There are 2 protein chains.
Amino acid sequence: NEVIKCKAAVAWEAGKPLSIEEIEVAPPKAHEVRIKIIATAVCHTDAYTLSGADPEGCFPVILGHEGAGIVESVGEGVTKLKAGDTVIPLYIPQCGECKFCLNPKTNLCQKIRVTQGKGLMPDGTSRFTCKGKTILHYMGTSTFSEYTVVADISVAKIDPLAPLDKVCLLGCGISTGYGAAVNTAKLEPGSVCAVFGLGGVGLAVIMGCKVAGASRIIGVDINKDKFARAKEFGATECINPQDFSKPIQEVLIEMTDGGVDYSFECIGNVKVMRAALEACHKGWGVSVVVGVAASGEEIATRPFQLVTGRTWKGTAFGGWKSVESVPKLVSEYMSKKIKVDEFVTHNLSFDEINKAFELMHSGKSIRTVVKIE
Amino acid sequence: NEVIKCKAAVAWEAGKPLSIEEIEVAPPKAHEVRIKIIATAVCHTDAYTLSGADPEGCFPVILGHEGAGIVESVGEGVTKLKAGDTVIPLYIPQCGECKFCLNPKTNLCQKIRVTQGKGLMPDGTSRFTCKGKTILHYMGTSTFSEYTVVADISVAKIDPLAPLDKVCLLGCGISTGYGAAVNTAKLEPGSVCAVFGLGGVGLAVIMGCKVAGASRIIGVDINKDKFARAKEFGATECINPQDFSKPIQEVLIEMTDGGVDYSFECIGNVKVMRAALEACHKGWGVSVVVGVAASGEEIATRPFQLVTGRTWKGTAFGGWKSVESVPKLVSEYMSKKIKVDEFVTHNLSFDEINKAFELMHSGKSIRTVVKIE
Ligand SMILES: NC(=O)c1ccc[n+]([C@@H]2O[C@H](COP(=O)([O-])OP(=O)(O)OC[C@H]3O[C@@H](n4cnc5c(N)ncnc54)[C@H](O)[C@@H]3O)[C@@H](O)[C@H]2O)c1
Ligand SMILES: NC(=O)c1ccc[n+]([C@@H]2O[C@H](COP(=O)([O-])OP(=O)(O)OC[C@H]3O[C@@H](n4cnc5c(N)ncnc54)[C@H](O)[C@@H]3O)[C@@H](O)[C@H]2O)c1
Ligand SMILES: Cc1cc(C(N)=O)ccc1-n1c(CCC(=O)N2CCSC2=O)ccc1-c1ccc(-n2ccnc2)cc1
Ligand SMILES: Cc1cc(C(N)=O)ccc1-n1c(CCC(=O)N2CCSC2=O)ccc1-c1ccc(-n2ccnc2)cc1
Ligand SMILES: [Zn+2]
Ligand SMILES: [Zn+2]
Ligand SMILES: [Zn+2]
Ligand SMILES: [Zn+2]
């Protein structure tokens, strides 16, 4: 119930490294929760915002949107979570009252997004003070800190037995891939699937396709060093566009005799998205867009590709309804139905957080986990 | 069983009028049917091919792909249809054996399309002789003639009580609109729908939406003279893009509080297709492409429109399985469930066939019916 002094990794300008500093964190107001972050993961959109390319970037700011922790304080009006619980913050809440929350077809809650995009709590202010300045929040969580304040609808409650040093990855990547495979596509047994890109999201998609029951899975990438891991996750074969003179969709059409049944696009390249649409089977093919492109880029095609059967669709947070569905995923990981331990490729300490970004800049890791205690 | 002399409307070069001539029609070979055309309808793709803009146009050729008639002769191996029957030719057959015919998700049979696109019968030759030249077939039917020869899988058998002078329209237009409404979209009661363009296909789509059970229907067009008929078919309101300074998708978003549930695009303009995608509701919107664009045009959008929920899909022949589904549509018209008599706007004789095209060039008619006897 009093201001907490803690250590954070603040960013001050676009394109500069993060600097470790001491910050003051205010007590939560009505309908808010204070969380001590235990572990976190460094995602790609964090580095994208840090670079400064985002037209909506606001500085100074504390990044991070993947982590798990333990509750200390709750505001006035909270009757759902008490101190000592193990929880996961979420950048897609679930109020349960709006028109988007009563529709089973969607999961895009639209209650606090106007303040979340500006970097402020729902009341209209920020809880982070540094040397007489106010530091904005990032994507509603801000987990690059030892303590953080979030809204009461952005918190999911998990089993206390879960290891918090690895279950944190179920915030952005593994959940998105698994949901893309088993929610937005809903693929029947015996299908043929193709995955573009073999990062964290691609490997999660491959895992979901193998779990659901597809017979043949094709992995596509321009870096050979990934192929090995793909074959461990369930991909039957892997190809490289640079080894063929013909365009990639023609290679896939020749290989699969007509085209694949499902194609997942997990990169963020508009040309790859067009190639992914044109490689689906005529009559019943489906293409799912998972990655996010830079602002100002357009994906083109001819309407003759849609008239003869094919479909575009897209997914955000794998289509899961976050608050009521993340606990089920943690339970699934308890039963060894899905793989979480095989995604983490590196471990760092808090002070070396900058090093994490450099690894992401080189393409040598899938996911890195930072221990914040 | 002998060559038949008949009257036809042959085209000799791109951009010239059709000329009425006398032709010889050969007896059918194995797995073929000879039909005496009674009535026909002039569609938009006929005039498109006649203009010469089609990169695949081949001349001389006999156009037409909508009509009903009576059988005279059948080839060797036909045990399904006998002479005197009332039938409808179809530009999408149904063999029932290929991989596309055993899949309930599609209706694009791929058995005789290679010869159909070239203008020849499956054996490899044409049955139309004129003054020592061979005349190719059009879209597998060629109904601008008093007698025509078609394959045995391109014929649907209907109730003999049907009036053949109006049931012919169930070949291309009304079927496509009705199927787009109730097959590819599958819209639930209480939905909001928007239709772009108010020709024959647009009015069929409106009829299907009203039958299925949507509550609110919005018609969009740039010609005011159409709006009246739309209000008779079930459209609740109609708008004109030229009356507003803002782009049309913003007008629709403001009007419907977020966007429509379903949007059908029935024109063939790539800019209208983009505007139709951007006017669907966030989270659960769907956009169905029905019209065909000119070769070399691309429809563009940003992937942020697909990531947040929306979908493109397309339809050819309304998704009906032609041979087994057209008789059901004729039965539906017998019970007054659907409207066929309200589409025909003009009637002509065979010799005035050219006049029909001129009407289509002015936008004063929905469908014109030519009586061929
Ligand atoms: N919509 C969502 O909810 C959501 C969630 C998480 C991530 N994402 C996005 O998914 C994308 C993947 O991110 P990530 O960190 O999981 O993996 P990553 O971006 O680090 O890996 C990208 C892979 O694509 C390959 N690549 C580059 N150009 C290629 C080309 N022409 N052809 C084939 N491969 C090419 C690269 O070699 C690489 O293996 C990102 O853009 C991310 O923003 C979206
Ligand atoms: N895929 C299929 O199976 C199939 C079947 C039949 C027809 N079609 C196609 O459907 C299209 C419609 O053909 P039709 O004969 O039924 O009607 P039509 O083409 O004669 O009517 C077109 C209407 O769109 C309007 N238009 C032009 N520009 C516009 C704009 N910017 N905004 C709004 N309206 C505009 C016109 O005023 C007109 O009312 C055609 O392109 C046809 O080729 C497709
Ligand atoms: C565009 C956007 C901005 C923010 C922000 N903070 O600026 C947050 C979310 C989104 N965004 C929306 C629009 C807003 C929206 O629909 N919703 C629903 C509940 S609240 C909310 O954000 C749809 C999809 C996304 C999205 C963006 C990035 C990632 N991504 C990439 C890598 N890692 C994460 C995943 C999804
Ligand atoms: C591109 C095409 C050419 C021909 C031809 N004769 O050149 C015939 C059909 C198509 N086409 C296909 C590819 C081929 C195909 O999938 N199939 C399935 C069974 S056979 C066959 O044609 C998919 C959709 C269409 C199509 C084209 C025009 C119209 N349209 C417009 C106005 N009025 C009619 C409707 C559909
Ligand atoms: Zn909500
Ligand atoms: Zn992320
Ligand atoms: Zn078939
Ligand atoms: Zn037609």
# chains A, B, ... in the order shown; residues from 1 in each chain; ligands from 1
$ interface_residues --of "chain A" --to "chain B" --cutoff "6 Å" --atoms "only C-alpha atoms" --output "PyMOL selection string"
chain A and resi 106+283+298-302+306-307+311-315
$ write_last_selection --atoms "N, CA, C and O atoms" --output "short mmCIF file (atom, residue, chain, number, x, y, z; two decimals), in the first residue's frame"
data_model
loop_
_atom_site.label_atom_id
_atom_site.label_comp_id
_atom_site.auth_asym_id
_atom_site.auth_seq_id
_atom_site.Cartn_x
_atom_site.Cartn_y
_atom_site.Cartn_z
N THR A 106 -15.10 -14.62 -31.93
CA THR A 106 -14.01 -13.66 -31.84
C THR A 106 -13.45 -13.64 -30.43
O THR A 106 -14.00 -14.24 -29.51
N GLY A 283 -10.14 -25.29 -55.12
CA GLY A 283 -11.36 -25.87 -54.60
C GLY A 283 -11.57 -25.86 -53.11
O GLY A 283 -12.69 -25.61 -52.67
N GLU A 298 1.29 -3.61 -48.83
CA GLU A 298 0.04 -4.20 -49.30
C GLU A 298 0.30 -5.55 -49.95
O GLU A 298 1.26 -5.70 -50.71
N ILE A 299 -0.56 -6.52 -49.67
CA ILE A 299 -0.51 -7.84 -50.28
C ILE A 299 -1.50 -7.89 -51.43
O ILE A 299 -2.66 -7.51 -51.28
N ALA A 300 -1.04 -8.35 -52.59
CA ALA A 300 -1.83 -8.33 -53.80
C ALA A 300 -2.04 -9.74 -54.32
O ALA A 300 -1.29 -10.65 -53.98
N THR A 301 -3.08 -9.91 -55.13
CA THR A 301 -3.38 -11.19 -55.75
C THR A 301 -4.39 -10.95 -56.86
O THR A 301 -4.87 -9.84 -57.06
N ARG A 302 -4.67 -11.96 -57.58
CA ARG A 302 -5.73 -11.74 -58.55
C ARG A 302 -7.03 -12.38 -58.07
O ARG A 302 -7.00 -13.44 -57.44
N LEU A 306 -9.33 -16.33 -55.81
CA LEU A 306 -10.37 -16.50 -54.81
C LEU A 306 -11.64 -17.07 -55.41
O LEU A 306 -12.37 -17.78 -54.72
N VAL A 307 -11.93 -16.78 -56.67
CA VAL A 307 -13.15 -17.27 -57.30
C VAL A 307 -13.13 -18.80 -57.39
O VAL A 307 -14.17 -19.46 -57.28
N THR A 311 -9.05 -19.22 -49.81
CA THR A 311 -9.46 -18.31 -48.74
C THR A 311 -8.25 -17.75 -48.00
O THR A 311 -7.31 -18.49 -47.69
N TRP A 312 -8.25 -16.44 -47.74
CA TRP A 312 -7.48 -15.79 -46.67
C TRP A 312 -8.25 -15.64 -45.38
O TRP A 312 -9.43 -15.29 -45.38
N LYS A 313 -7.55 -15.88 -44.27
CA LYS A 313 -8.05 -15.57 -42.95
C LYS A 313 -6.85 -15.29 -42.04
O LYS A 313 -5.70 -15.54 -42.40
N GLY A 314 -7.11 -14.71 -40.88
CA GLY A 314 -6.03 -14.28 -40.01
C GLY A 314 -6.36 -14.53 -38.56
O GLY A 314 -7.51 -14.79 -38.21
N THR A 315 -5.34 -14.44 -37.72
CA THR A 315 -5.52 -14.76 -36.31
C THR A 315 -4.66 -13.86 -35.44
O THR A 315 -3.53 -13.52 -35.81
#
$ residues_around --residues "residue 121 in chain B" --least-positions-apart "5" --cutoff "10 Å" --atoms "only C-alpha atoms" --output "PDB file with N, CA, C and O atoms, in the first residue's frame"
ATOM      1  N   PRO B  28     -24.370 -36.913 -82.968  1.00  0.00           N
ATOM      2  CA  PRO B  28     -23.505 -37.099 -81.803  1.00  0.00           C
ATOM      3  C   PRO B  28     -22.738 -38.408 -81.851  1.00  0.00           C
ATOM      4  O   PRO B  28     -23.212 -39.420 -82.369  1.00  0.00           O
ATOM      5  N   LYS B  29     -21.541 -38.380 -81.281  1.00  0.00           N
ATOM      6  CA  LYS B  29     -20.712 -39.565 -81.153  1.00  0.00           C
ATOM      7  C   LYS B  29     -20.991 -40.215 -79.801  1.00  0.00           C
ATOM      8  O   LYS B  29     -21.978 -39.898 -79.135  1.00  0.00           O
ATOM      9  N   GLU B  32     -22.706 -38.371 -76.108  1.00  0.00           N
ATOM     10  CA  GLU B  32     -23.068 -37.025 -76.527  1.00  0.00           C
ATOM     11  C   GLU B  32     -24.576 -36.951 -76.706  1.00  0.00           C
ATOM     12  O   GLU B  32     -25.256 -37.971 -76.829  1.00  0.00           O
ATOM     13  N   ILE B 112     -13.353 -32.470 -68.329  1.00  0.00           N
ATOM     14  CA  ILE B 112     -13.339 -32.110 -69.743  1.00  0.00           C
ATOM     15  C   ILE B 112     -13.039 -30.634 -69.943  1.00  0.00           C
ATOM     16  O   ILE B 112     -13.436 -30.050 -70.954  1.00  0.00           O
ATOM     17  N   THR B 115     -10.523 -29.629 -73.131  1.00  0.00           N
ATOM     18  CA  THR B 115     -11.175 -29.522 -74.429  1.00  0.00           C
ATOM     19  C   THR B 115     -12.242 -28.439 -74.450  1.00  0.00           C
ATOM     20  O   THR B 115     -12.453 -27.810 -75.490  1.00  0.00           O
ATOM     21  N   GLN B 116     -12.924 -28.213 -73.325  1.00  0.00           N
ATOM     22  CA  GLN B 116     -13.962 -27.189 -73.273  1.00  0.00           C
ATOM     23  C   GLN B 116     -13.382 -25.798 -73.480  1.00  0.00           C
ATOM     24  O   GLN B 116     -13.993 -24.957 -74.147  1.00  0.00           O
ATOM     25  N   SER B 126     -15.016 -30.614 -83.530  1.00  0.00           N
ATOM     26  CA  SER B 126     -16.210 -29.791 -83.427  1.00  0.00           C
ATOM     27  C   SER B 126     -17.283 -30.311 -84.377  1.00  0.00           C
ATOM     28  O   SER B 126     -16.979 -30.917 -85.408  1.00  0.00           O
ATOM     29  N   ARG B 127     -18.546 -30.075 -84.021  1.00  0.00           N
ATOM     30  CA  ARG B 127     -19.692 -30.556 -84.785  1.00  0.00           C
ATOM     31  C   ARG B 127     -20.357 -29.487 -85.642  1.00  0.00           C
ATOM     32  O   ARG B 127     -21.436 -29.742 -86.181  1.00  0.00           O
ATOM     33  N   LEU B 136     -16.091 -23.335 -83.634  1.00  0.00           N
ATOM     34  CA  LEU B 136     -15.845 -23.871 -82.306  1.00  0.00           C
ATOM     35  C   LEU B 136     -17.051 -23.663 -81.396  1.00  0.00           C
ATOM     36  O   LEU B 136     -17.928 -22.843 -81.660  1.00  0.00           O
ATOM     37  N   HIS B 137     -17.082 -24.426 -80.309  1.00  0.00           N
ATOM     38  CA  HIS B 137     -18.112 -24.294 -79.293  1.00  0.00           C
ATOM     39  C   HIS B 137     -17.687 -23.269 -78.243  1.00  0.00           C
ATOM     40  O   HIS B 137     -16.516 -22.913 -78.120  1.00  0.00           O
ATOM     41  N   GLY B 140     -18.860 -25.002 -73.650  1.00  0.00           N
ATOM     42  CA  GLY B 140     -19.412 -26.333 -73.590  1.00  0.00           C
ATOM     43  C   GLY B 140     -20.877 -26.459 -73.932  1.00  0.00           C
ATOM     44  O   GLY B 140     -21.403 -27.576 -73.896  1.00  0.00           O
ATOM     45  N   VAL B 149     -24.906 -29.725 -79.720  1.00  0.00           N
ATOM     46  CA  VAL B 149     -24.423 -31.011 -79.243  1.00  0.00           C
ATOM     47  C   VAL B 149     -23.587 -30.760 -78.000  1.00  0.00           C
ATOM     48  O   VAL B 149     -22.708 -29.894 -78.006  1.00  0.00           O
ATOM     49  N   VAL B 150     -23.877 -31.495 -76.929  1.00  0.00           N
ATOM     50  CA  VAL B 150     -23.165 -31.339 -75.670  1.00  0.00           C
ATOM     51  C   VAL B 150     -22.789 -32.713 -75.134  1.00  0.00           C
ATOM     52  O   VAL B 150     -23.301 -33.740 -75.573  1.00  0.00           O
ATOM     53  N   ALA B 151     -21.870 -32.720 -74.176  1.00  0.00           N
ATOM     54  CA  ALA B 151     -21.481 -33.960 -73.529  1.00  0.00           C
ATOM     55  C   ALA B 151     -22.596 -34.448 -72.612  1.00  0.00           C
ATOM     56  O   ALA B 151     -23.517 -33.711 -72.264  1.00  0.00           O
TER      57      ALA B 151
END
$ atom_distance --atom1 "atom 1 (N, counted along the ligand's line) of ligand 1" --atom2 "CA of residue 255 in chain B"
29.0 Å
$ residues_near_ligand --ligand "ligand 1" --cutoff "7 Å" --atoms "only C-alpha atoms and all ligand atoms" --output "compact mmCIF listing (two decimals) with N, CA and C atoms, in the first residue's frame"
# COMPACT_ATOMS: atom_id res chain seq x y z
N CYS A 43 10.54 -10.92 -27.06
CA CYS A 43 9.84 -11.22 -28.30
C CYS A 43 10.32 -10.29 -29.40
N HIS A 44 9.84 -10.55 -30.62
CA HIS A 44 10.32 -9.81 -31.78
C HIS A 44 9.72 -8.41 -31.86
N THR A 45 8.47 -8.25 -31.43
CA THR A 45 7.84 -6.94 -31.51
C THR A 45 8.45 -5.96 -30.51
N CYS A 172 2.67 -15.20 -25.81
CA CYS A 172 2.58 -14.67 -27.17
C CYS A 172 2.80 -15.71 -28.26
N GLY A 173 3.85 -16.52 -28.17
CA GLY A 173 4.26 -17.32 -29.31
C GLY A 173 3.66 -18.70 -29.46
N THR A 176 -0.04 -18.61 -29.88
CA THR A 176 -0.47 -18.15 -31.20
C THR A 176 -0.35 -19.26 -32.23
N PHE A 196 5.43 -21.51 -43.66
CA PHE A 196 6.44 -20.59 -44.19
C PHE A 196 7.14 -19.89 -43.03
N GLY A 197 8.45 -20.07 -42.93
CA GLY A 197 9.20 -19.58 -41.80
C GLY A 197 9.26 -20.61 -40.70
N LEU A 198 10.39 -20.71 -40.00
CA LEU A 198 10.59 -21.74 -38.99
C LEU A 198 11.18 -21.13 -37.72
N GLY A 199 10.57 -20.06 -37.23
CA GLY A 199 10.92 -19.49 -35.95
C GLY A 199 10.12 -20.12 -34.84
N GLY A 200 9.87 -19.34 -33.79
CA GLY A 200 9.04 -19.84 -32.71
C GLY A 200 7.61 -20.10 -33.13
N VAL A 201 7.02 -19.17 -33.87
CA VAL A 201 5.64 -19.32 -34.31
C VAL A 201 5.51 -20.47 -35.30
N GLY A 202 6.46 -20.61 -36.21
CA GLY A 202 6.41 -21.71 -37.16
C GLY A 202 6.48 -23.07 -36.50
N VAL A 220 9.23 -24.62 -45.06
CA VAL A 220 9.86 -23.76 -46.06
C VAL A 220 10.62 -22.65 -45.34
N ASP A 221 11.89 -22.47 -45.70
CA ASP A 221 12.71 -21.43 -45.10
C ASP A 221 13.94 -21.24 -45.97
N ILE A 222 14.59 -20.08 -45.81
CA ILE A 222 15.80 -19.78 -46.57
C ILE A 222 17.07 -19.94 -45.75
N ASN A 223 16.97 -20.40 -44.51
CA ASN A 223 18.13 -20.69 -43.67
C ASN A 223 18.13 -22.18 -43.36
N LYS A 226 17.75 -24.08 -39.58
CA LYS A 226 16.48 -24.35 -38.91
C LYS A 226 15.96 -25.76 -39.17
N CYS A 266 4.06 -17.21 -41.60
CA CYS A 266 4.52 -16.85 -40.27
C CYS A 266 5.76 -15.96 -40.33
N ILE A 267 5.85 -15.08 -41.32
CA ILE A 267 7.06 -14.27 -41.48
C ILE A 267 6.76 -12.79 -41.29
N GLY A 268 5.95 -12.23 -42.17
CA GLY A 268 5.80 -10.81 -42.29
C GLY A 268 6.29 -10.23 -43.60
N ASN A 269 6.37 -11.02 -44.65
CA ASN A 269 6.80 -10.58 -45.96
C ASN A 269 5.61 -10.67 -46.90
N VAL A 272 5.93 -13.28 -49.67
CA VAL A 272 5.71 -14.63 -49.17
C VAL A 272 4.23 -14.88 -48.94
N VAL A 290 -0.37 -15.13 -39.92
CA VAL A 290 -0.06 -15.07 -38.50
C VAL A 290 0.87 -13.91 -38.18
N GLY A 291 1.82 -13.61 -39.07
CA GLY A 291 2.75 -12.53 -38.84
C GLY A 291 2.17 -11.16 -39.14
N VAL A 292 2.88 -10.13 -38.67
CA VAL A 292 2.46 -8.74 -38.82
C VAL A 292 3.46 -8.03 -39.72
N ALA A 293 2.95 -7.33 -40.73
CA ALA A 293 3.78 -6.63 -41.70
C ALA A 293 4.02 -5.19 -41.26
N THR A 315 -5.34 -14.44 -37.72
CA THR A 315 -5.52 -14.76 -36.31
C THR A 315 -4.66 -13.86 -35.44
N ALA A 316 -5.20 -13.45 -34.30
CA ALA A 316 -4.46 -12.72 -33.28
C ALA A 316 -4.62 -13.44 -31.95
N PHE A 317 -3.49 -13.76 -31.33
CA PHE A 317 -3.47 -14.61 -30.14
C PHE A 317 -4.18 -15.93 -30.39
N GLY A 318 -3.93 -16.49 -31.56
CA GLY A 318 -4.37 -17.83 -31.88
C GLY A 318 -5.85 -18.09 -31.73
N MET A 360 18.69 -12.03 -31.07
CA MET A 360 17.57 -11.94 -32.01
C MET A 360 17.99 -11.27 -33.30
N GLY A 363 19.62 -14.27 -35.60
CA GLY A 363 18.92 -15.49 -35.97
C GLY A 363 19.58 -16.76 -35.49
N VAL B 307 -5.73 -9.80 -40.14
CA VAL B 307 -5.30 -10.25 -38.82
C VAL B 307 -6.39 -10.01 -37.78
$ select_by_dssp --residues "range 99-337 of chain A" --states "helix (DSSP H, G or I)" --output "ChimeraX atom specification"
/A:113-118,167-171,173-185,200-212,224-233,241-243,248-256,270-277,304-307,317-319,322-334
$ residues_near_ligand --ligand "ligand 5" --cutoff "7 Å" --atoms "only C-alpha atoms and all ligand atoms" --output "mmCIF file with N, CA, C and O atoms, in the first residue's frame"
data_model
loop_
_atom_site.group_PDB
_atom_site.id
_atom_site.type_symbol
_atom_site.label_atom_id
_atom_site.label_comp_id
_atom_site.auth_asym_id
_atom_site.auth_seq_id
_atom_site.Cartn_x
_atom_site.Cartn_y
_atom_site.Cartn_z
ATOM 1 N N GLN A 94 -10.153 -9.976 -20.933
ATOM 2 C CA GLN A 94 -11.497 -10.517 -21.143
ATOM 3 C C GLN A 94 -12.422 -9.976 -20.056
ATOM 4 O O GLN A 94 -12.524 -10.562 -18.978
ATOM 5 N N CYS A 95 -13.113 -8.878 -20.363
ATOM 6 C CA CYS A 95 -14.088 -8.323 -19.433
ATOM 7 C C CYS A 95 -15.297 -9.241 -19.286
ATOM 8 O O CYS A 95 -15.719 -9.553 -18.169
ATOM 9 N N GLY A 96 -15.857 -9.690 -20.401
ATOM 10 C CA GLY A 96 -17.000 -10.576 -20.386
ATOM 11 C C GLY A 96 -18.349 -9.910 -20.537
ATOM 12 O O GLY A 96 -19.366 -10.554 -20.266
ATOM 13 N N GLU A 97 -18.396 -8.650 -20.966
ATOM 14 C CA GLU A 97 -19.654 -7.914 -21.004
ATOM 15 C C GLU A 97 -19.900 -7.228 -22.342
ATOM 16 O O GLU A 97 -21.052 -7.032 -22.734
ATOM 17 N N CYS A 98 -18.837 -6.850 -23.044
ATOM 18 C CA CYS A 98 -18.983 -6.131 -24.301
ATOM 19 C C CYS A 98 -19.553 -7.045 -25.381
ATOM 20 O O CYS A 98 -19.803 -8.231 -25.163
ATOM 21 N N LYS A 99 -19.780 -6.472 -26.565
ATOM 22 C CA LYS A 99 -20.369 -7.254 -27.646
ATOM 23 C C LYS A 99 -19.374 -8.233 -28.245
ATOM 24 O O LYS A 99 -19.778 -9.245 -28.824
ATOM 25 N N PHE A 100 -18.078 -7.956 -28.127
ATOM 26 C CA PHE A 100 -17.078 -8.881 -28.637
ATOM 27 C C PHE A 100 -16.891 -10.081 -27.722
ATOM 28 O O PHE A 100 -16.456 -11.140 -28.181
ATOM 29 N N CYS A 101 -17.194 -9.930 -26.432
ATOM 30 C CA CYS A 101 -16.996 -10.998 -25.460
ATOM 31 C C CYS A 101 -18.157 -11.973 -25.390
ATOM 32 O O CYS A 101 -17.981 -13.084 -24.889
ATOM 33 N N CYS A 109 -11.462 -8.199 -27.337
ATOM 34 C CA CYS A 109 -12.143 -7.334 -26.388
ATOM 35 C C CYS A 109 -11.767 -5.880 -26.634
ATOM 36 O O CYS A 109 -10.601 -5.556 -26.849
ATOM 37 N N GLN A 110 -12.761 -4.996 -26.598
ATOM 38 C CA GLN A 110 -12.529 -3.596 -26.928
ATOM 39 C C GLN A 110 -12.887 -2.671 -25.775
ATOM 40 O O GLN A 110 -13.534 -1.643 -25.986
ATOM 41 N N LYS A 111 -12.477 -3.014 -24.558
ATOM 42 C CA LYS A 111 -12.848 -2.236 -23.383
ATOM 43 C C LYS A 111 -11.803 -1.199 -22.993
ATOM 44 O O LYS A 111 -12.159 -0.066 -22.661
#
$ residues_around --residues "range 335-347 of chain A" --least-positions-apart "6" --cutoff "8 Å" --atoms "only C-alpha atoms" --output "ChimeraX atom specification"
/A:166-167,169,174,200,207,365-371
$ atom_distance --atom1 "atom 6 (N, counted along the ligand's line) of ligand 3" --atom2 "CA of residue 56 in chain A"
9.4 Å
$ closest_residue --among "B:156, B:33, B:14, B:139" --to "ligand 8" --atoms "only C-alpha atoms and all ligand atoms"
B:139
$ atom_distance --atom1 "CA of residue 274 in chain A" --atom2 "CA of residue 246 in chain A"
15.2 Å
$ select_by_dssp --residues "range 96-335 of chain A" --states "strand (DSSP E)" --output "PyMOL selection string"
chain A and resi 128-130+133-135+147-151+155-157+192-196+216-220+237-239+262-265+286-289+299-301+312-314
$ closest_residue --among "B:154, B:1, B:129, B:79" --to "ligand 4" --atoms "only C-alpha atoms and all ligand atoms"
B:154
$ closest_residue --among "A:254, A:248, A:349, A:211" --to "residue 277 in chain A" --atoms "only C-alpha atoms"
A:248
$ residues_around --residues "residue 13 in chain B" --least-positions-apart "5" --cutoff "12 Å" --atoms "only C-alpha atoms" --output "NGL selection string"
:B and (18-19 or 49-53 or 57-62)
$ residues_around --residues "range 63-74 of chain B" --least-positions-apart "4" --cutoff "9 Å" --atoms "only C-alpha atoms" --output "number ranges by chain"
B: 1, 9-11, 27-43, 46, 49-50, 78-79, 81-91, 137-145, 152, 164-165, 167-172
